[PDB]
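Asker: My structure is below; once you've seen it, I'll send some questions.
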Amino acid sequence: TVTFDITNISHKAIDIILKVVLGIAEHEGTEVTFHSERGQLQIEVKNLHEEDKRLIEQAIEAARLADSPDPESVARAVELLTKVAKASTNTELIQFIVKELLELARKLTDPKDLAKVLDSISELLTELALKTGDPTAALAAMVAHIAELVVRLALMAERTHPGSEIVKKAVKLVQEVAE
Amino acid sequence: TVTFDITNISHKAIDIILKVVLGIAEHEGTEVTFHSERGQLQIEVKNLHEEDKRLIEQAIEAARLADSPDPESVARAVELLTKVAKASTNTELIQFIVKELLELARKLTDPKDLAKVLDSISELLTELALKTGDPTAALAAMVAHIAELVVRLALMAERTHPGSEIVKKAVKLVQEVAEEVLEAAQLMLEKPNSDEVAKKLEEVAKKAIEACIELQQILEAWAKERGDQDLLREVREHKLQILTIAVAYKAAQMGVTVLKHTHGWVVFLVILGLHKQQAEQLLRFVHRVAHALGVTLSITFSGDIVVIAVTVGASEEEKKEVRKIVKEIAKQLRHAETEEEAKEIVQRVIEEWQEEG
């Protein structure tokens with residue numbers, strides 16, 4: 001029987017975890033159980049797939065990495081949380097992870113952070129676009145390409161700038177484009 | 001024949017009197033006839049039952065009450081007007097009675113007697129729902145009962161202080177709930193079974209639940225200085241009841257079938273007929289309430305069924321032994337075909353609880 005011993009989990013993280021595990025439970029939830037004590041959390045599942053077990057493990061870590069003020073923790077969150085979106089089959093769960101990522105992206109700071117942020121967004125737009133089929137799909141593919149050059153440019157800016165202030169106008173424009 | 005007056009009663013009260021007197025005739029037509037002049041009134045009818053008279057006579061008492069500002073008189077008046085609203089099928093006088101109910105509450109309020117006002121509202125909600133088939137409006141009696149329990153908390157607060165801003169917080173929060181549900185009653189009578197009512201019934205409840213969390217935590221913050229184990233038991237047993245009533249209410253709004261049992265140390269909550277969106281709501285809501293209350297929760301999901309159990313104030317050994325039995329309970333329901341079988345299985349877990357607990 002699979003189980004996930006958990007520590008220091010937050011409200012958003014419970015929300016995510018409980019959402020994604022119920023997201024698994026409507027596919028193969030033959031029997032599942034979850035618990036809360038000290039307001040913290042526990043779970044058991046009857047032997048789902050290793051990649052789903054890792055999806056839960058990842059979602060736990062990524063969700064808590066989003067509560068930290070540290071730009072590297074935010075970066076790890078912004079990538080790993082997009083990997084949660086990469087694993088989803090439910091469009092509402094994509095919206096849910098998207099708005100979490102949108103709030104988290106609104107925290108972005110400086111070029112090294114920004115590159116991975118917009119890169120993560122660009123993957124997510126791609127993963128939305130490539131299967132959409134409905135009339136916005138063709139637009140969305142090119143939109144993902146349109147985000148891509150901005151990443152390449154933010155990276156070249158990051159590589160080149162000696163820390164002079166002029167980068168601030170650029171990252172603000174990129175932040176607006178990103179959000 | 002019966003003849004009536006209220007000796008020079010103020011003209012405003014006659015607005016009630018005239019409506020209720022006209023309210024007697026509606027089914028019978030040409031054989032029923034009545035008269036008035038100058039605040040004196042008469043009905044020429046032999047066939048009418050005593051209770052048909054008691055609509056007018058209790059309204060006469062309700063008019064006598066209405067001409068004085070007093071919480072006891074308000075409680076009686078709302079009660080008597082509720083007896084009128086229970087006893088008679090004309091909705092128009094109920095609509096006006098809800099306006100008077102609002103007027104009385106907005107002209108005066110003190111918490112102790114709001115219990116009967118909220119009880120009266122609860123019966124009105126129950127009656128209106130029973131007269132319209134709306135399950136939310138019937139279930140809203142649970143929230144009205146939380147509010148009545150919260151008035152028991154406001155009365156219980158006299159154990160703590162000779163009146164204080166805690167009671168001020170309490171009456172304001174209860175007052176909001178009163179005006180909100182009273183407007184929900186007004187809305188239901190103008191737009192019965194509408195989406196606007198349904199969304200008002202989604203909207204209101206949270207403040208009651210939160211206020212009950214807040215006021216129980218304030219009584220707990222007094223109880224920890226008293227140190228009396230029977231009062232700490234009152235904290236445990238009210239806490240779990242408030243959890244129970246709230247989660248019963250919220251779940252039942254979704255149209256699922258829910259079953260509730262309680263044993264002072266533990267609660268068993270069983271749900272049948274679920275859909276994914278309801279599960280994702282319910283399990284999250286249960287956590288959102290439980291975390292605010294500071295209570296232990298355990299849940300299982302499988303198929304059309306969700307099974308739930310709780311523990312307030314638990315020892316590390318107590319929660320563990322509970323976890324054994326409630327995991328047994330978490331197995332017991334799994335194969336149930338219908339809610340009568342869920343009854344039979346849950347009776348077998350209650351009899352198993354009579355073997356050990």
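Asker: Under unit Cβ charges (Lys, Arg +1; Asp, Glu -1), what dipole magnitude, rounded to 20 debye, does the stretch B:264-357 have relative to its Cα centre?
Answerer: Roughly 540 debye for the stretch B:264-357.
Asker: May I ask you to compute the full-extension gain from A:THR89 to A:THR136, defined as 0.36 nm times their residue separation minus their alpha-carbon distance, rounded to one decimal in nm?
Answerer: Between A:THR89 and A:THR136, full extension yields 15.0 nm more.
Asker: OK, next. How many nm is it between the label spots at B:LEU18 and B:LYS107, if each spot is 7 Å from the Cα in line with the beta carbon?
Answerer: 1.8
Asker: Report, in debye and to the nearest 20, how large the dipole of the stretch B:1-123 comes out about its Cα centre when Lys and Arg carry +1 and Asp and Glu carry -1 on their Cβ.
Answerer: 280
Asker: May I ask you to evaluate 6.51 cos²θ - 1.76 cosθ + 1.60, the Karplus curve with θ = phi - 60°, for each residue of the stretch B:211-217 and list the ³J(HN,Hα) values in order in whole Hz, giving x for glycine and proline?
Answerer: Whole-Hz 3J(HN,Hα) from phi for the stretch B:211-217: 4, 5, 3, 4, 5, 5, 4.
Asker: A:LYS169: which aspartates and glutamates have alpha carbons under 12 Å from its alpha carbon, excluding same-chain residues fewer than 8 sequence positions away?
Answerer: A:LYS169 reaches A:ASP110.
Asker: Rg/Rh for the stretch B:290-352 to two decimals, with Rh computed the Kirkwood way over all alpha-carbon pairs.
Answerer: 1.01
Asker: If you take the charge dipole of the stretch B:254-357 about its Cα centre, with +1 on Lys and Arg Cβ and -1 on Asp and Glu Cβ, which of B:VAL289, B:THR257, B:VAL349 is farthest toward its positive end?
Answerer: Checking the options against the dipole of the stretch B:254-357, the answer is B:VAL289.
Asker: Still on this model: Greater than 19 Å separation of Cα atoms is the criterion. Which listed pairs, A:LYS12/B:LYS200; B:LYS19/B:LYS86; B:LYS112/B:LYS250, meet it?
Answerer: Listed pairs above 19 Å: A:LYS12/B:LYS200; B:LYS112/B:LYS250.
Asker: Between B:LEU125, B:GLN95, B:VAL74, whose Cα lies farthest towards the positive end of the dipole of the stretch B:65-169 when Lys and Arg beta carbons carry +1 and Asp and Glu beta carbons carry -1, centred on the Cα centre?
Answerer: Of the options given, the answer is B:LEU125.
Asker: Can you give the charge dipole size of the protein assembly as shown about its Cα centre, rounded to the nearest 20 debye, using +1 on the beta carbon of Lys and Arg and -1 on the beta carbon of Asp and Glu?
Answerer: Around 1340 debye, computed over the protein assembly as shown.
Asker: Across the stretch A:35-41, in residue order, what do the Karplus-derived ³J(HN,Hα) couplings come to in whole Hz, using 6.51 cos²θ - 1.76 cosθ + 1.60 with θ = phi - 60° and x for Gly and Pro?
Answerer: Karplus-based 3J(HN,Hα) across the stretch A:35-41 equals 8, 9, 8, 6, x, 7, 10 Hz.
Asker: Using Cα atoms only, what is the angle between the long axis of helix B:229-253 and the major principal axis of chain B, expressed in degrees (0 to 90) to the nearest 10?
Answerer: Once rounded, one gets 70 degrees.
Asker: Rank A:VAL45, A:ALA147, A:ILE56 by how far each Cα sits towards the positive end of the charge dipole of the protein assembly as shown (+1 on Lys, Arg Cβ; -1 on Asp, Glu Cβ) and give me just the farthest.
Answerer: Checked the options; the winner is A:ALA147.
Asker: Rounding to the nearest 10 and keeping the result within 0 to 90°, find how far the Cα-based axis of helix A:111-129 lies from the longest principal axis of chain A.
Answerer: The helix A:111-129 is inclined about 60 degrees to chain A.
Asker: Please compute the average number of Cβ atoms from other chains found within 10 Å of each residue's Cβ in peptide B:277-283.
Answerer: Average neighbour count from other chains, rounded to a whole number: 3.
Asker: Could I ask something else about it? Remind me, relative contact order of the stretch B:205-338 in percent, using alpha carbon pairs under 8 angstrom and six or more residues apart?
Answerer: 20
Asker: Percent relative contact order of the stretch B:72-199, based on C-alpha pairs within less than 8 angstrom and at least six residues apart?
Answerer: With pairs under 8 Å counted, the relative contact order is 27 percent.
Asker: Quote the convex hull volume per residue of the protein assembly as shown, based on C-alpha atoms, as a whole number of Å³.
Answerer: Expressed per residue, the convex hull around the Cα atoms of the protein assembly as shown is 238 Å³.
Asker: Given contacts defined as C-alpha pairs under 8 Å and at least six residues apart, what's the relative contact order of chain B, whole-number percent?
Answerer: 10
Asker: Something else about it: Hey, what angle do you get for helix A:71-87 against the long axis of chain A, alpha-carbon based, 0 to 90 degrees rounded to 10?
Answerer: On a 0 to 90 degree scale, this one is about 60.
Asker: Cα centroids of the stretch B:335-357 and the stretch A:124-179: how far apart, whole angstrom?
Answerer: Between the Cα centres of the stretch B:335-357 and the stretch A:124-179 lies a distance of 58 Å.
Asker: I would also like to ask the following. Rg(Cα) of the stretch A:1-146 divided by 2.2 N^0.38 Å?
Answerer: For the stretch A:1-146, the normalised Cα radius of gyration is 1.10.
Asker: Let me ask another. For n ≥ 4 DSSP H runs only, could you compute -39500 (n - 2.57) per run for chain B, divide by its residues and tell me the 222 nm figure to the nearest 500?
Answerer: Helices in chain B give a 222 nm mean residue ellipticity of -22500 deg cm²/dmol.
Heads up, the Cβs are rebuilt from the backbone with ideal geometry, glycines too, and the neighbour counts pull from every protein chain shown. Bear in mind these aren't lab numbers, they're just calculated from the coordinates by the rules spelled out.
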